[PDB]
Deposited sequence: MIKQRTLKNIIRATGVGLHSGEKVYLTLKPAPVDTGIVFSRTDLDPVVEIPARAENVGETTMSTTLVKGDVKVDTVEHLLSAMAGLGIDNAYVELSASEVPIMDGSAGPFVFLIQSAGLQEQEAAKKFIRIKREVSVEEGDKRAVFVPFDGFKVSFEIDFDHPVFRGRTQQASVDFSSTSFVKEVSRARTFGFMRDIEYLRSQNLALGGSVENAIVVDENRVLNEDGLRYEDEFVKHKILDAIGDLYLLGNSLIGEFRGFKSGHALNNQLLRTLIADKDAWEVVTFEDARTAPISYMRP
């Protein structure tokens, strides 16, 4: 069967929140079958746990934020992207502050740290959400859609009105999450960055954790990791936002100028429309439409 995964060993890391600029200590731990991914604010007494589920998304402006009452965990989407990309069903993610550390802007450090710890298969079938009807949501010129598909693929199309320019598709039948998506970094434009800082956001961002663009060019000395890094990062973000379904997808996602907001809107419409999806397991990995790398 395709089995659930958790972590073999604990992972720790120390970083800064992209928006908050606060130092934060992260610890990922193993969790039992059917736990899902659960964030814990361990700086608080008592500790405040928030499952990484679409129902818990509180704000979607320039990151995806989980909220339970007054308590938040901001910027979950890169780490969630990594966990999704590696097949991780169950994990606790402890944080000593309100925002997941940004690392280098991408999921590369998370996938490295995870894979250095190692994964552990669990004796229970992995549950997938299978798209059985097209579900779309739109708002103005922005669109996000789920289409039935026997596998998992993601397409994205951004319309940026800027000299540094995009679209891309990835199908995990041939694309490596790790090699081709995980390294794509967080990005931003000088006009927004100042506005965001004036709105007291973006406080931790720098050329160390993001592509910084002026009116013409990428200012980072070392340039890009992929020719299409920006759009590959949008795919990264979307995989992370979609993992808030709390199970891997069998289907296709297509995003057209979509962001965290519309991505969450799509999850919510999907979840509400039970005719459009069903949960499935695969007792024989050999006949399934997807595969995972070795644990």
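Sequence ranges absent from the coordinates, based on the deposited chain and numbered from 1: Gaps in the modelled chain, taken against the deposited sequence, amount to a single one at 166-169.
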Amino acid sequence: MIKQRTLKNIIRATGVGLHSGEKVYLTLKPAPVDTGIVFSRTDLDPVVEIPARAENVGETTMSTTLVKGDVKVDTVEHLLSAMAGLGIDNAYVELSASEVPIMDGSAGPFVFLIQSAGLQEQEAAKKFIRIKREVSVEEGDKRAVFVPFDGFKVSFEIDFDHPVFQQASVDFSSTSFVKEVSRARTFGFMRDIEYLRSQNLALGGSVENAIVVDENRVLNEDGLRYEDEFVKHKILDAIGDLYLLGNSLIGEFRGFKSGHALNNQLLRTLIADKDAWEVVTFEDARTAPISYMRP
From here on, numbers count along this sequence of modelled residues.
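For clarity, a rigid core is taken as the largest C-alpha set superposing within 1.5 Å between two forms.
Higher-deviation stretch (C-alpha RMS, rigid core fit) in 8 other deposited structures of this protein, choosing from 199-207 and 118-126: With the rigid core fitted, 199-207 is the stretch that strays more in 8 other deposited structures of this protein.
Between 222-230 and 43-51, larger RMS Cα displacement in 8 other deposited structures of this protein after core fit: With the rigid core superposed, the C-alphas that lie farther in 8 other deposited structures of this protein are those of 222-230.
Stretch exceeding the other in mean C-alpha B-factor - 11-19, 283-291: Per the PDB record, 283-291.
Per the entry, higher mean C-alpha B factor between 191-199 and 204-212: Of 191-199 and 204-212, the stretch with the higher C-alpha B-factor average is 191-199.
Criterion, highest CA B-factor; candidates, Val154, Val145, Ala107, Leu219: In this record, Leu219 carries the highest C-alpha B-factor of the candidates.
Criterion, highest CA B-factor; candidates, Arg41, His233, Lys257, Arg254: So the option with the highest C-alpha B-factor is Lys257.
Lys68 by Cα B-factor - lowest, middle or highest third of the modelled chain: Ranked within chain, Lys68 CA B lands in the highest tercile.
Chain-wide C-alpha B factor ranking for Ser169, given as lowest, middle or highest third: Within its chain, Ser169 is a highest-third residue by C-alpha B-factor, going by the deposited values.
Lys126 by Cα B-factor - lowest, middle or highest third of the modelled chain: Middle third by C-alpha B-factor.
Chain-wide C-alpha B factor ranking for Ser176, given as lowest, middle or highest third: Ranked within chain, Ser176 CA B lands in the highest tercile.
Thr269, C-alpha B-factor rank within chain (lowest, middle or highest third): Within its chain, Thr269 is a lowest-third residue by C-alpha B-factor, going by the deposited values.
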